[PDB]
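To begin, one chain is listed below as structure tokens, in the form deposited without Nilotinib (NIL).
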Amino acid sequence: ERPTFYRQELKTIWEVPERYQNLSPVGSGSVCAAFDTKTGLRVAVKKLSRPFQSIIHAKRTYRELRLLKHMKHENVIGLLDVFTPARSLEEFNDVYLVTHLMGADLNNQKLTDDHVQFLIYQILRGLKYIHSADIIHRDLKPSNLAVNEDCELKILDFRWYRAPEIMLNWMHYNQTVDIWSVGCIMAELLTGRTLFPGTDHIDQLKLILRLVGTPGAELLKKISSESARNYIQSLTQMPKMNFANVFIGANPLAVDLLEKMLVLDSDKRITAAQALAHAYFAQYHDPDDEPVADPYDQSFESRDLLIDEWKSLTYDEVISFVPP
């Protein structure tokens, strides 16, 4: 059946099932932290802002709901509930999404090696899943990575951490753009400092190239633009520096993994599935507890529909929702 809803203000009117109590705002969609009386869980309740204002809003609402419904993995945030106070598609105007309320993010002495292993392991386990659905995160960074008390980690809400192929204007994009971001995060966890703290995208690329080397002829054979090639080969030619000398006293397997992640050529960068099997994660690696996702149908992405059709498609997904 339909739950009983109650309304309150705090500055839109929120109308939510009565199982969610003690709503207290935590950002502006806009999000309230709440107590889920059914489960005794702390939850985030996000009320989408203007979800069907235009074709672009409606499709983004649909894309967000579809993605969250698909994600079913310990290290990836999924959907705990989705509701609307509307009793039919005609009154359907508001969408609310409920997810685990996570404490800290990774913006956060420094960490021990065992604890860096554990956190990166979790990130890679989550990424293996996401990537197996043919999803690329694209913007992994310490603030999209949430942790509870026991520092169990979940990947959230999908330029110091972005792959250089993106900051150059190359478009040979692997899912390993996310593996670059993990490499930068791991380095920051290991040393306490941002690995590539660029002021603009140019400054950033300079710092990157200083560490990894200027592109080799083999990667240069992959650049289709004359100016682009001209640009890279115009830059002062930097040798690959030694990673050990940047990561002093780091566990040497950490350094070895880093050298595999922080590779300029994306086709040569270690993948998530491969990183998990690397000796650095020995103590956590379980190849039978690193599950993959069902295939994820993003064909909708290329479709040009009407607001009312994206809306109805969204309503179909709300109705058909089943809790974990």
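Residue numbers run from 1 along the displayed sequence. The term rigid core refers to the most C-alpha atoms you can superpose between the two forms while keeping them within 1.5 Å.
Missing here is the form solved in complex with Nilotinib (NIL); even so, the following discussion is about that form.
Colleague: Open vs blocked: Nilotinib (NIL) (in the entry with it bound) superimposed by pocket C-alphas, blocked if 3 or more ligand atoms lie within 2.4 Å of a backbone or C-beta atom?
Modeller: In the entry with it bound, Nilotinib (NIL) occupies a site that, on this form, turns out blocked once the ligand is superposed onto it.
Colleague: Taking 4.5 angstroms as the heavy atom distance cut-off, pick the stretch from 254 to 262, 284 to 292, 271 to 279, 55 to 63 that is near Nilotinib (NIL) in the entry with it bound.
Modeller: Residues of 55 to 63 come within 4.5 Å of the partner.
Colleague: Considering Nilotinib (NIL) in the entry with it bound, which of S181, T84, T99, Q122 comes within 4.5 Å of it through any heavy atom?
Modeller: Only one listed residue qualifies here, and that residue is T99.
Colleague: Just give me the single entry in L195, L190, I155, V95 that has a non-hydrogen atom within 4.5 angstroms of Nilotinib (NIL) in the entry with it bound.
Modeller: For this set of options, the contacting one is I155.
Colleague: With the partner left out here, if you bring back Nilotinib (NIL) in the entry with it bound, are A44, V76 and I130 all within 4.5 Å of it by some heavy atom?
Modeller: Yes, each of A44, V76 and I130 comes within 4.5 Å of Nilotinib (NIL) in the entry with it bound.
Colleague: With the core superposed, find the residue in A293, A273, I55, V255 that moves its CA 2 Å or more between this form and the one not shown.
Modeller: Of all the options, the C-alpha that shifts by at least 2 Å belongs to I55.
Colleague: Does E226 move its CA by 2 angstroms or more between this form and the one not shown when the core is aligned?
Modeller: Yes, the C-alpha position differs by at least 2 Å between this form and the one not shown.
Colleague: On a core-based superposition, does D134 travel 2 Å or more at its Cα between this form and the one not shown?
Modeller: No; that C-alpha moves by less than 2 Å between this form and the one not shown.
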